[PDB]
Amino acid sequence: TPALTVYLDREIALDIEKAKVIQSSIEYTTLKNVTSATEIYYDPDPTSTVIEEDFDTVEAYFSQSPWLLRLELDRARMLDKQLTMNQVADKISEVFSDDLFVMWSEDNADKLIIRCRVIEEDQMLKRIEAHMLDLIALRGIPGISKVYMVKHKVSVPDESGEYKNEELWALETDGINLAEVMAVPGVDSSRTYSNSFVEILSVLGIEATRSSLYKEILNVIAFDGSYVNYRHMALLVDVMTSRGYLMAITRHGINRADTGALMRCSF
Amino acid sequence: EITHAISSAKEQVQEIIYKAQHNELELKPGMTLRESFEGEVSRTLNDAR
Amino acid sequence: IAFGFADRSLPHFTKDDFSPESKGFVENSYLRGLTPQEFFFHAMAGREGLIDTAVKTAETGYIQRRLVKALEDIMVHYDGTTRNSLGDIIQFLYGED
Amino acid sequence: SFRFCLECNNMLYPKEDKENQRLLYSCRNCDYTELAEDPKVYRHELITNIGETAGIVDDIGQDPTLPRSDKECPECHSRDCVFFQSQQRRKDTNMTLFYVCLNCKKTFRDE
Amino acid sequence: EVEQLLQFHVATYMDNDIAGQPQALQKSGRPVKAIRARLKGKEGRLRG
Amino acid sequence: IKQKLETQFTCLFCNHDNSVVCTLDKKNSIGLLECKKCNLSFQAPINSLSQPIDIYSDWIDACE
Amino acid sequence: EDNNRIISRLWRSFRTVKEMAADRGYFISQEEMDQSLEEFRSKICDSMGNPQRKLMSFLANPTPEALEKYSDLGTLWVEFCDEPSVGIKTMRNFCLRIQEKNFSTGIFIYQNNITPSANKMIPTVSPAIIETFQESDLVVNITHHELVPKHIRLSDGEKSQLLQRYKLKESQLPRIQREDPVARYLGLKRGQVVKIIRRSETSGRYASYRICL
Amino acid sequence: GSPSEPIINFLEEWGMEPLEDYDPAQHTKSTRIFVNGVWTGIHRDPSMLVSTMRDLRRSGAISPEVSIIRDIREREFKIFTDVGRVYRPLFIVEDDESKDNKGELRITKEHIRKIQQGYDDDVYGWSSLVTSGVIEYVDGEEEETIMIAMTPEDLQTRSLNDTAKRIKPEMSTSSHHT
Amino acid sequence: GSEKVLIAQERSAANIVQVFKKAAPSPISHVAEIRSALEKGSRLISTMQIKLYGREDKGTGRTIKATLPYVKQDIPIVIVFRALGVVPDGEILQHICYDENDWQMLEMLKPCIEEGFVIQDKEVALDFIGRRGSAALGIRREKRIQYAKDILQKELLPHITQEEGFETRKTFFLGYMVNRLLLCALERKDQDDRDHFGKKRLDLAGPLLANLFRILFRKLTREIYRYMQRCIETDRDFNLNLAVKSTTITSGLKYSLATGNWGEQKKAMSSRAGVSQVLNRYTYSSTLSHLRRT
Ligand SMILES: [Zn+2]
Ligand SMILES: [Zn+2]
Ligand SMILES: [Zn+2]
């Protein structure tokens, strides 16, 4: 269960609108997540079409290969994620150049339809569709599937000197991507914590990896109400973080030491 | 009183079932309809017990 | 209680039954009297718990053995440091105090 | 619905005749070519709903393990019908029940 | 052939758990207890 | 890309085992069996699911 | 639009590079460290908004305090690369420019990635030290994190005193890889000892020592 | 253990169509018949065939160990006559709506009297009750398409408030149970 | 003098198709397995598997391949279907699927038909099948086809039939298997529960002793064959009793009932141990519980 606990700034943690905006900008969204249906049509006339549903649309918009890729999107998915047709068209164009036409329909229509034309090609269109439904990314950080808005109660000293509980808004993002999340504007790039120490060792360092490991061990110990002294966990996290890298508690990290052979062969 | 509390818990579970089967149940963040329904039923039963 | 049968947990109930009495809710207590369905559910729960305990005890023993084999040559010397058998300093002071 | 050939009994493939500029269905083992009636060739449904109310049987009323309800039928108006949850085995399947009467065999929900 | 047989015997005398070939069996059915199996295992030398 | 493999088959002329090279080309669907001893060459038409055993059986059938 | 966020990321990377140069002991003017974003956009961006990486290269000299502490600190020439794909054509010109102006340490910053071929053209510039850093890895200063403490590069005399007090060799201290971000932030070399002052819930302040490989 | 040849003979005598006369374009609603795993044929009206097979199994012409399963949702008819199937005996409740014995048990006090006496009124043991038609054997697969009752008192609706005894389940999810 | 009791063994039922799903690090998504057994004797014969290749948006062609008994590589369903008897794709799709309105099944079967198109008849299909069925070098086409026919007849689904001229039942069974696999892969039906008691069998003393006696009788037959191979060249009439050794079967039965090792004496490894156990005679309840133990 990889998860990142992102903390927001002070001017943002007390606002739900800015927090929701940051969550929407951080959440990963691709074309496959918003695509509802895809179809392949044979349109020999580039200026007209055979389908009577998109007749008045193309006849008002207009005023190569005959194959046409017609993709119908979901209105609820495009409305909840706050995504428009212009942004999707621009994101498709920025990666397709002039090798694929893009014709989008208005939002006031009954169905969100997008037509594409290519300026033996039977399986080529299927391959192009499979490549589009696996690489076209709209917005967001890659690796962030779901985002949850959590309320954190922090004991802050008041202006008079007394500690009081303050409720702030933080984010919990599924997946691991600290290097790309820390660089997001409006995100506190000094308090973001990650549950995976492997990525911490590569992003921050070994000193932060030791603290993350100690925090994880303390949480695992105290989840069931048990309590263990700090010296034991400190020695445990210092032994694993002695050679500079993460040393496992298996035959790969223990037997790879400069100790005696009689001691290493006893495990 | 224990029997009345058990009957009230059963009535609440039946109401939750009726709300979930009529698209009138609130969706939990990060959970589907069945998962949220099962969690709510388990929480209600634990509170009643 | 998962639906072990066809959309049900026991043949004494109807299909698509999400009632508490058909999903493992023992209404009666030990003094009153457990129904055969509630008795079977309690037996299943006890068997699952016993199997989980008998499976996790060996895993915990293996984890403890690995931790002991990893931490066995650590000894605090007279200079206050915490080093192993090779002499590498793990902590400059035991417990940082 | 993908048809086949009536001569060598084989599947057909879509082709574009450029001399006449039209879509045709032509075989690969012989020289049979017919006219196409639907410009649609391939269709992929991402948010599909097929498999929910598509499987309807006639002997569903002879199963004593299915519970009964007191819903009124919109056709014969009978007080004897069965009901069952959605047979779609998806993780995001709605828990909306579907009712089936023991006369006209009509499927309806409670929305 | 005799050289290969002698090499196989020498190899099985010290290690009977060689992969890619069947192990040396006794006249009863069970394989020969080599010197490698005497050290490893729960009932071995070091751990026993 | 042509696939050049070394098989453990036996030549049907010089009787030399482990000396049969199979060169398959799926772009033109052509298999070639060559011997590294008496130096011969057998051409055969292959497909997309062909294998050196298939062309070996074809050569055996053509030799008899 | 995208140009605004690109210029913002470039300014953040420049501020991180300035903070890294100031932490290593080099003299940085107070008017340059506290540079705002509007002045940065007015000085770097042209008429269309495209920045110029050649106009951001600067030179920093060590402070007198760092010169008294470390006697092996020279000039630091910071140069930003204009080409996204660093190849054999740019590395040769960079090495020639470094060897011509007798630069002591030159920090290289690329845009996209670096081919493995040019990676071999870095140790061949000795005794000059060339360190490569990614732009995306320089957007956020990792030293300002809560879990990342403060590292102080110890001198030769302090290292010798610590080794004589503890009576140990150089292979008995906690090691740290050279590819570590904290090690690369200070330009650590093989044989340097760093001191870490961290927080401990049992005694308050704790002082530890590490050695780079 | 029981052979499958009499089962196939009875199925062919009743009205089972062979596999050579099967076609999905014409038989888009028939029910397949599986005997010990292998597919034998299809039937157009399995409602009468299953009833006749159950009547023959309850009469005595077929061995009581033969398991008969009818999957309506999957449209399958399985006749298991293999060896090693764990089965258990259960009473037979009249479910046919054509007599006054519906809703009650098929076994009455006369069967108990004949069992206690050990003979009929012009040996009588457990096999006699099975061959009569009041107790039938069901395995794990046949238990999937049947409705069993815990106690006979639950077969009929009652008209309490006892703080010492247990509480019976309400069972208010279904309107009427069969 | 020791009281030994045979403990019942819980095994999986035969002549049934069980569909399961594979893990993520694997190019296979669904696997339908069936261990086929003969009706007479109740012994295991072989096990047939059908695997659907193709991960979620990974694997290009989502083709299905079957594993025949005594084979070295997987063979697609189209090849074995054309080698059985039905060569046109229309008849194959009619025997496999029974719903022309559903397009998902047709789209899933399209890669299989596209991959199995180079085979247009039955001769080349049988020739390609026999090459993978553990065939030697030098069988030639005149005998490779006959070997592939014998491989496809027996071994492959023997519970259906074994006589000649009865391939329609095998084709229908293969079509039903493919239809069930496609229905389970389309998320229209849950996977088969392995813990279902309806698909389990309890082999008691009957089938186990039958298999043991069959193995002992095969060993005695081999011994009698070897004895007659030597007591014939002398041109002397044997006394019959001297050719049958009554010690082999008795010794094997005694060993298997005393030590519990099910199998031959020289093959103690890879054998089920613990079939015969010492009868606990501590009390009546202990014996009653040991007599009914699986
Ligand atoms: Zn044709
Ligand atoms: Zn009706
Ligand atoms: Zn040769």
# chains A, B, ... in the order shown; residues from 1 in each chain; ligands from 1
$ residues_near_ligand --ligand "ligand 1" --cutoff "10 Å" --atoms "only C-alpha atoms and all ligand atoms" --output "PDB file with N, CA, C and O atoms, in the first residue's frame"
ATOM      1  N   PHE D   4     -20.513 -14.357 -42.280  1.00  0.00           N
ATOM      2  CA  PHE D   4     -19.499 -15.149 -42.961  1.00  0.00           C
ATOM      3  C   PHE D   4     -19.910 -15.339 -44.417  1.00  0.00           C
ATOM      4  O   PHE D   4     -20.916 -14.794 -44.879  1.00  0.00           O
ATOM      5  N   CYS D   5     -19.117 -16.121 -45.143  1.00  0.00           N
ATOM      6  CA  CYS D   5     -19.386 -16.404 -46.544  1.00  0.00           C
ATOM      7  C   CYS D   5     -20.243 -17.657 -46.679  1.00  0.00           C
ATOM      8  O   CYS D   5     -20.182 -18.569 -45.850  1.00  0.00           O
ATOM      9  N   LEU D   6     -21.046 -17.692 -47.740  1.00  0.00           N
ATOM     10  CA  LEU D   6     -21.931 -18.815 -48.014  1.00  0.00           C
ATOM     11  C   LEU D   6     -21.345 -19.804 -49.013  1.00  0.00           C
ATOM     12  O   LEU D   6     -21.991 -20.812 -49.316  1.00  0.00           O
ATOM     13  N   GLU D   7     -20.145 -19.543 -49.528  1.00  0.00           N
ATOM     14  CA  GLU D   7     -19.518 -20.442 -50.490  1.00  0.00           C
ATOM     15  C   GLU D   7     -18.513 -21.355 -49.800  1.00  0.00           C
ATOM     16  O   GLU D   7     -18.770 -22.550 -49.622  1.00  0.00           O
ATOM     17  N   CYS D   8     -17.367 -20.802 -49.410  1.00  0.00           N
ATOM     18  CA  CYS D   8     -16.324 -21.565 -48.736  1.00  0.00           C
ATOM     19  C   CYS D   8     -16.474 -21.567 -47.221  1.00  0.00           C
ATOM     20  O   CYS D   8     -15.674 -22.215 -46.538  1.00  0.00           O
ATOM     21  N   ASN D   9     -17.473 -20.862 -46.686  1.00  0.00           N
ATOM     22  CA  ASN D   9     -17.735 -20.782 -45.248  1.00  0.00           C
ATOM     23  C   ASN D   9     -16.503 -20.261 -44.500  1.00  0.00           C
ATOM     24  O   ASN D   9     -15.782 -20.994 -43.821  1.00  0.00           O
ATOM     25  N   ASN D  10     -16.287 -18.955 -44.647  1.00  0.00           N
ATOM     26  CA  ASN D  10     -15.169 -18.287 -43.999  1.00  0.00           C
ATOM     27  C   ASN D  10     -15.578 -16.866 -43.644  1.00  0.00           C
ATOM     28  O   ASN D  10     -16.542 -16.320 -44.189  1.00  0.00           O
ATOM     29  N   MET D  11     -14.830 -16.271 -42.721  1.00  0.00           N
ATOM     30  CA  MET D  11     -15.113 -14.912 -42.290  1.00  0.00           C
ATOM     31  C   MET D  11     -14.720 -13.911 -43.373  1.00  0.00           C
ATOM     32  O   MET D  11     -13.858 -14.169 -44.218  1.00  0.00           O
ATOM     33  N   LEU D  12     -15.370 -12.752 -43.339  1.00  0.00           N
ATOM     34  CA  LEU D  12     -15.129 -11.684 -44.295  1.00  0.00           C
ATOM     35  C   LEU D  12     -14.321 -10.567 -43.646  1.00  0.00           C
ATOM     36  O   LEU D  12     -14.228 -10.466 -42.419  1.00  0.00           O
ATOM     37  N   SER D  26     -15.027  -8.585 -48.256  1.00  0.00           N
ATOM     38  CA  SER D  26     -14.376  -9.533 -49.150  1.00  0.00           C
ATOM     39  C   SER D  26     -13.713 -10.640 -48.344  1.00  0.00           C
ATOM     40  O   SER D  26     -13.184 -10.398 -47.255  1.00  0.00           O
ATOM     41  N   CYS D  27     -13.745 -11.853 -48.887  1.00  0.00           N
ATOM     42  CA  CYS D  27     -13.122 -12.993 -48.237  1.00  0.00           C
ATOM     43  C   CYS D  27     -11.635 -13.056 -48.579  1.00  0.00           C
ATOM     44  O   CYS D  27     -11.130 -12.321 -49.432  1.00  0.00           O
ATOM     45  N   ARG D  28     -10.927 -13.956 -47.894  1.00  0.00           N
ATOM     46  CA  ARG D  28      -9.497 -14.129 -48.096  1.00  0.00           C
ATOM     47  C   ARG D  28      -9.129 -15.428 -48.796  1.00  0.00           C
ATOM     48  O   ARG D  28      -8.029 -15.520 -49.350  1.00  0.00           O
ATOM     49  N   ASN D  29     -10.012 -16.426 -48.791  1.00  0.00           N
ATOM     50  CA  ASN D  29      -9.734 -17.706 -49.428  1.00  0.00           C
ATOM     51  C   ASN D  29     -10.337 -17.833 -50.819  1.00  0.00           C
ATOM     52  O   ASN D  29      -9.941 -18.734 -51.567  1.00  0.00           O
ATOM     53  N   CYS D  30     -11.275 -16.967 -51.182  1.00  0.00           N
ATOM     54  CA  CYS D  30     -11.911 -17.014 -52.494  1.00  0.00           C
ATOM     55  C   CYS D  30     -11.970 -15.589 -53.037  1.00  0.00           C
ATOM     56  O   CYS D  30     -11.235 -14.699 -52.596  1.00  0.00           O
ATOM     57  N   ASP D  31     -12.853 -15.362 -54.006  1.00  0.00           N
ATOM     58  CA  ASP D  31     -13.019 -14.063 -54.646  1.00  0.00           C
ATOM     59  C   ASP D  31     -14.446 -13.552 -54.485  1.00  0.00           C
ATOM     60  O   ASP D  31     -15.034 -12.990 -55.410  1.00  0.00           O
ATOM     61  N   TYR D  32     -15.020 -13.744 -53.300  1.00  0.00           N
ATOM     62  CA  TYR D  32     -16.370 -13.281 -53.010  1.00  0.00           C
ATOM     63  C   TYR D  32     -16.312 -11.907 -52.357  1.00  0.00           C
ATOM     64  O   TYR D  32     -15.627 -11.719 -51.347  1.00  0.00           O
ATOM     65  N   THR D  33     -17.034 -10.950 -52.937  1.00  0.00           N
ATOM     66  CA  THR D  33     -17.065  -9.581 -52.433  1.00  0.00           C
ATOM     67  C   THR D  33     -18.501  -9.084 -52.467  1.00  0.00           C
ATOM     68  O   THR D  33     -19.146  -9.121 -53.520  1.00  0.00           O
TER      69      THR D  33
ATOM     70  N   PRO I  88     -13.940 -25.157 -41.613  1.00  0.00           N
ATOM     71  CA  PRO I  88     -14.409 -23.782 -41.827  1.00  0.00           C
ATOM     72  C   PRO I  88     -14.542 -23.028 -40.512  1.00  0.00           C
ATOM     73  O   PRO I  88     -14.901 -23.598 -39.479  1.00  0.00           O
TER      74      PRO I  88
END
$ residues_near_ligand --ligand "ligand 2" --cutoff "7 Å" --atoms "only C-alpha atoms and all ligand atoms" --output "list in words"
residues 73, 75, 76, 77, 78, 101, 102, 103, 104 and 105 of chain D
$ interface_residues --of "chain I" --to "chain H" --cutoff "9 Å" --atoms "only C-alpha atoms" --output "PyMOL selection string"
chain I and resi 14-17+39+42+94-95+97-99+159-160+168-169+172-173+196-204+207
$ residues_near_ligand --ligand "ligand 3" --cutoff "6 Å" --atoms "only C-alpha atoms and all ligand atoms" --output "number ranges by chain"
F: 11, 13-14, 16, 35, 37-38
$ write_last_selection --atoms "C-alpha atoms" --output "PDB file, in the first residue's frame"
ATOM      1  CA  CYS F  11      21.893 -34.567 -41.701  1.00  0.00           C
ATOM      2  CA  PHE F  13      23.393 -37.319 -46.235  1.00  0.00           C
ATOM      3  CA  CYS F  14      26.656 -37.211 -44.268  1.00  0.00           C
ATOM      4  CA  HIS F  16      26.348 -35.854 -38.791  1.00  0.00           C
ATOM      5  CA  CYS F  35      24.689 -28.521 -43.070  1.00  0.00           C
ATOM      6  CA  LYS F  37      29.772 -30.765 -42.759  1.00  0.00           C
ATOM      7  CA  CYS F  38      28.934 -31.846 -46.315  1.00  0.00           C
TER       8      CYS F  38
END
$ residues_around --residues "residue 47 (chain F)" --least-positions-apart "2" --cutoff "7 Å" --atoms "only C-alpha atoms" --output "PyMOL selection string"
(chain F and resi 26+29+49-50) or (chain I and resi 118)
$ write_last_selection --atoms "N, CA, C and O atoms" --output "CSV table (one decimal), in the first residue's frame"
chain,number,residue,atom,x,y,z
F,26,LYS,N,10.5,-14.6,-42.1
F,26,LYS,CA,9.1,-14.4,-42.1
F,26,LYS,C,8.6,-13.3,-43.0
F,26,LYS,O,7.4,-13.2,-43.4
F,29,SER,N,8.7,-15.5,-45.9
F,29,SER,CA,8.3,-16.8,-45.6
F,29,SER,C,9.1,-17.9,-46.3
F,29,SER,O,8.6,-18.6,-47.2
F,49,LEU,N,3.9,-19.5,-38.0
F,49,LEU,CA,4.0,-20.4,-36.9
F,49,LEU,C,4.9,-21.6,-37.2
F,49,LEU,O,4.8,-22.6,-36.6
F,50,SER,N,5.9,-21.4,-38.0
F,50,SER,CA,6.8,-22.4,-38.4
F,50,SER,C,7.9,-22.6,-37.3
F,50,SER,O,8.1,-21.8,-36.5
I,118,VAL,N,-3.2,-19.6,-41.4
I,118,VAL,CA,-2.3,-20.3,-42.4
I,118,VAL,C,-2.6,-21.8,-42.6
I,118,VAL,O,-2.2,-22.4,-43.6
$ residues_around --residues "residue 27 (chain E)" --least-positions-apart "5" --cutoff "12 Å" --atoms "only C-alpha atoms" --output "CSV table (one decimal) with C-alpha atoms, in the first residue's frame"
chain,number,residue,atom,x,y,z
E,32,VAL,CA,23.0,-41.2,-0.1
I,265,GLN,CA,8.9,-50.3,-2.6
I,266,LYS,CA,11.8,-48.9,-4.7
I,267,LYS,CA,9.8,-45.7,-5.4
$ residues_around --residues "residue 144 (chain A)" --least-positions-apart "4" --cutoff "8 Å" --atoms "only C-alpha atoms" --output "ChimeraX atom specification"
/A:26-28,140,173-177
$ write_last_selection --atoms "C-alpha atoms" --output "PDB file, in the first residue's frame"
ATOM      1  CA  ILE A  26      -2.228  16.731  -8.657  1.00  0.00           C
ATOM      2  CA  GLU A  27      -4.573  13.828  -9.443  1.00  0.00           C
ATOM      3  CA  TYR A  28      -3.472  11.908 -12.533  1.00  0.00           C
ATOM      4  CA  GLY A 140      -1.666  15.299 -13.195  1.00  0.00           C
ATOM      5  CA  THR A 173      -2.198  10.236  -2.602  1.00  0.00           C
ATOM      6  CA  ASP A 174      -2.017   6.614  -3.717  1.00  0.00           C
ATOM      7  CA  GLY A 175       1.318   5.646  -5.244  1.00  0.00           C
ATOM      8  CA  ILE A 176       4.893   6.828  -4.770  1.00  0.00           C
ATOM      9  CA  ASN A 177       6.234   9.890  -6.598  1.00  0.00           C
TER      10      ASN A 177
END
$ interface_residues --of "chain A" --to "chain I" --cutoff "10 Å" --atoms "only C-alpha atoms" --output "PDB file with N, CA, C and O atoms, in the first residue's frame"
ATOM      1  N   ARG A 127      -4.077  -0.272 -33.818  1.00  0.00           N
ATOM      2  CA  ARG A 127      -2.824  -0.053 -33.102  1.00  0.00           C
ATOM      3  C   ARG A 127      -2.715   1.385 -32.611  1.00  0.00           C
ATOM      4  O   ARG A 127      -2.241   1.635 -31.496  1.00  0.00           O
ATOM      5  N   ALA A 130      -4.959   1.699 -29.600  1.00  0.00           N
ATOM      6  CA  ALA A 130      -4.356   1.058 -28.435  1.00  0.00           C
ATOM      7  C   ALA A 130      -3.213   1.894 -27.874  1.00  0.00           C
ATOM      8  O   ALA A 130      -3.028   1.961 -26.654  1.00  0.00           O
ATOM      9  N   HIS A 131      -2.435   2.534 -28.750  1.00  0.00           N
ATOM     10  CA  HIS A 131      -1.368   3.413 -28.284  1.00  0.00           C
ATOM     11  C   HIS A 131      -1.925   4.668 -27.625  1.00  0.00           C
ATOM     12  O   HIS A 131      -1.329   5.184 -26.673  1.00  0.00           O
ATOM     13  N   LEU A 133      -4.821   4.809 -25.995  1.00  0.00           N
ATOM     14  CA  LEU A 133      -5.426   4.402 -24.733  1.00  0.00           C
ATOM     15  C   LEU A 133      -4.396   3.759 -23.811  1.00  0.00           C
ATOM     16  O   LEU A 133      -4.707   2.801 -23.097  1.00  0.00           O
ATOM     17  N   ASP A 134      -3.169   4.282 -23.816  1.00  0.00           N
ATOM     18  CA  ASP A 134      -2.107   3.734 -22.982  1.00  0.00           C
ATOM     19  C   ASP A 134      -0.992   4.750 -22.768  1.00  0.00           C
ATOM     20  O   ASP A 134      -0.093   4.529 -21.951  1.00  0.00           O
TER      21      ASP A 134
END
$ select_by_dssp --residues "region 66-100 of chain A" --states "alpha helix (DSSP H)" --output "number ranges by chain"
A: 75-80, 85-96
$ write_last_selection --atoms "N, CA, C and O atoms" --output "PDB file, in the first residue's frame"
ATOM      1  N   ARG A  75     -19.965  12.506 -19.990  1.00  0.00           N
ATOM      2  CA  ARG A  75     -20.251  13.860 -19.526  1.00  0.00           C
ATOM      3  C   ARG A  75     -19.990  14.001 -18.032  1.00  0.00           C
ATOM      4  O   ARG A  75     -19.425  15.007 -17.587  1.00  0.00           O
ATOM      5  N   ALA A  76     -20.388  13.001 -17.242  1.00  0.00           N
ATOM      6  CA  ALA A  76     -20.194  13.079 -15.797  1.00  0.00           C
ATOM      7  C   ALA A  76     -18.715  13.051 -15.431  1.00  0.00           C
ATOM      8  O   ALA A  76     -18.278  13.786 -14.539  1.00  0.00           O
ATOM      9  N   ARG A  77     -17.930  12.213 -16.113  1.00  0.00           N
ATOM     10  CA  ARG A  77     -16.503  12.132 -15.814  1.00  0.00           C
ATOM     11  C   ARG A  77     -15.780  13.411 -16.216  1.00  0.00           C
ATOM     12  O   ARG A  77     -14.871  13.864 -15.510  1.00  0.00           O
ATOM     13  N   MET A  78     -16.167  14.009 -17.344  1.00  0.00           N
ATOM     14  CA  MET A  78     -15.553  15.257 -17.779  1.00  0.00           C
ATOM     15  C   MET A  78     -16.023  16.455 -16.966  1.00  0.00           C
ATOM     16  O   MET A  78     -15.316  17.468 -16.916  1.00  0.00           O
ATOM     17  N   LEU A  79     -17.191  16.366 -16.331  1.00  0.00           N
ATOM     18  CA  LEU A  79     -17.696  17.454 -15.504  1.00  0.00           C
ATOM     19  C   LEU A  79     -17.160  17.392 -14.079  1.00  0.00           C
ATOM     20  O   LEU A  79     -16.895  18.436 -13.472  1.00  0.00           O
ATOM     21  N   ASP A  80     -16.991  16.186 -13.531  1.00  0.00           N
ATOM     22  CA  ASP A  80     -16.483  16.058 -12.169  1.00  0.00           C
ATOM     23  C   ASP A  80     -15.008  16.429 -12.091  1.00  0.00           C
ATOM     24  O   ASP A  80     -14.568  17.047 -11.114  1.00  0.00           O
ATOM     25  N   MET A  85     -13.175  20.607 -23.496  1.00  0.00           N
ATOM     26  CA  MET A  85     -12.766  20.028 -24.772  1.00  0.00           C
ATOM     27  C   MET A  85     -11.511  20.697 -25.318  1.00  0.00           C
ATOM     28  O   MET A  85     -10.700  20.039 -25.981  1.00  0.00           O
ATOM     29  N   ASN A  86     -11.334  21.994 -25.052  1.00  0.00           N
ATOM     30  CA  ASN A  86     -10.178  22.709 -25.585  1.00  0.00           C
ATOM     31  C   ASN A  86      -8.876  22.183 -24.992  1.00  0.00           C
ATOM     32  O   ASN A  86      -7.885  22.019 -25.711  1.00  0.00           O
ATOM     33  N   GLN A  87      -8.861  21.909 -23.686  1.00  0.00           N
ATOM     34  CA  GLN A  87      -7.647  21.402 -23.052  1.00  0.00           C
ATOM     35  C   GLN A  87      -7.283  20.021 -23.581  1.00  0.00           C
ATOM     36  O   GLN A  87      -6.108  19.745 -23.852  1.00  0.00           O
ATOM     37  N   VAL A  88      -8.274  19.142 -23.741  1.00  0.00           N
ATOM     38  CA  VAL A  88      -8.007  17.808 -24.270  1.00  0.00           C
ATOM     39  C   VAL A  88      -7.527  17.892 -25.714  1.00  0.00           C
ATOM     40  O   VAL A  88      -6.602  17.177 -26.117  1.00  0.00           O
ATOM     41  N   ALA A  89      -8.139  18.772 -26.512  1.00  0.00           N
ATOM     42  CA  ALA A  89      -7.708  18.937 -27.896  1.00  0.00           C
ATOM     43  C   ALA A  89      -6.277  19.450 -27.971  1.00  0.00           C
ATOM     44  O   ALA A  89      -5.484  18.983 -28.796  1.00  0.00           O
ATOM     45  N   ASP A  90      -5.923  20.406 -27.107  1.00  0.00           N
ATOM     46  CA  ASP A  90      -4.560  20.926 -27.098  1.00  0.00           C
ATOM     47  C   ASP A  90      -3.564  19.862 -26.654  1.00  0.00           C
ATOM     48  O   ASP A  90      -2.469  19.756 -27.218  1.00  0.00           O
ATOM     49  N   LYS A  91      -3.925  19.065 -25.644  1.00  0.00           N
ATOM     50  CA  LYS A  91      -3.035  18.003 -25.188  1.00  0.00           C
ATOM     51  C   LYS A  91      -2.850  16.929 -26.250  1.00  0.00           C
ATOM     52  O   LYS A  91      -1.763  16.347 -26.360  1.00  0.00           O
ATOM     53  N   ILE A  92      -3.890  16.651 -27.039  1.00  0.00           N
ATOM     54  CA  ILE A  92      -3.759  15.679 -28.119  1.00  0.00           C
ATOM     55  C   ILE A  92      -2.909  16.247 -29.249  1.00  0.00           C
ATOM     56  O   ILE A  92      -2.069  15.545 -29.829  1.00  0.00           O
ATOM     57  N   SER A  93      -3.104  17.528 -29.574  1.00  0.00           N
ATOM     58  CA  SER A  93      -2.343  18.142 -30.656  1.00  0.00           C
ATOM     59  C   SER A  93      -0.862  18.242 -30.310  1.00  0.00           C
ATOM     60  O   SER A  93      -0.005  17.966 -31.158  1.00  0.00           O
ATOM     61  N   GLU A  94      -0.543  18.616 -29.067  1.00  0.00           N
ATOM     62  CA  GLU A  94       0.851  18.787 -28.668  1.00  0.00           C
ATOM     63  C   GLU A  94       1.658  17.502 -28.793  1.00  0.00           C
ATOM     64  O   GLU A  94       2.891  17.562 -28.844  1.00  0.00           O
ATOM     65  N   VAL A  95       1.000  16.347 -28.842  1.00  0.00           N
ATOM     66  CA  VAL A  95       1.693  15.078 -29.002  1.00  0.00           C
ATOM     67  C   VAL A  95       1.458  14.444 -30.368  1.00  0.00           C
ATOM     68  O   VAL A  95       2.200  13.519 -30.736  1.00  0.00           O
ATOM     69  N   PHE A  96       0.461  14.898 -31.131  1.00  0.00           N
ATOM     70  CA  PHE A  96       0.188  14.317 -32.437  1.00  0.00           C
ATOM     71  C   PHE A  96       0.685  15.164 -33.603  1.00  0.00           C
ATOM     72  O   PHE A  96       0.732  14.658 -34.730  1.00  0.00           O
TER      73      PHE A  96
END
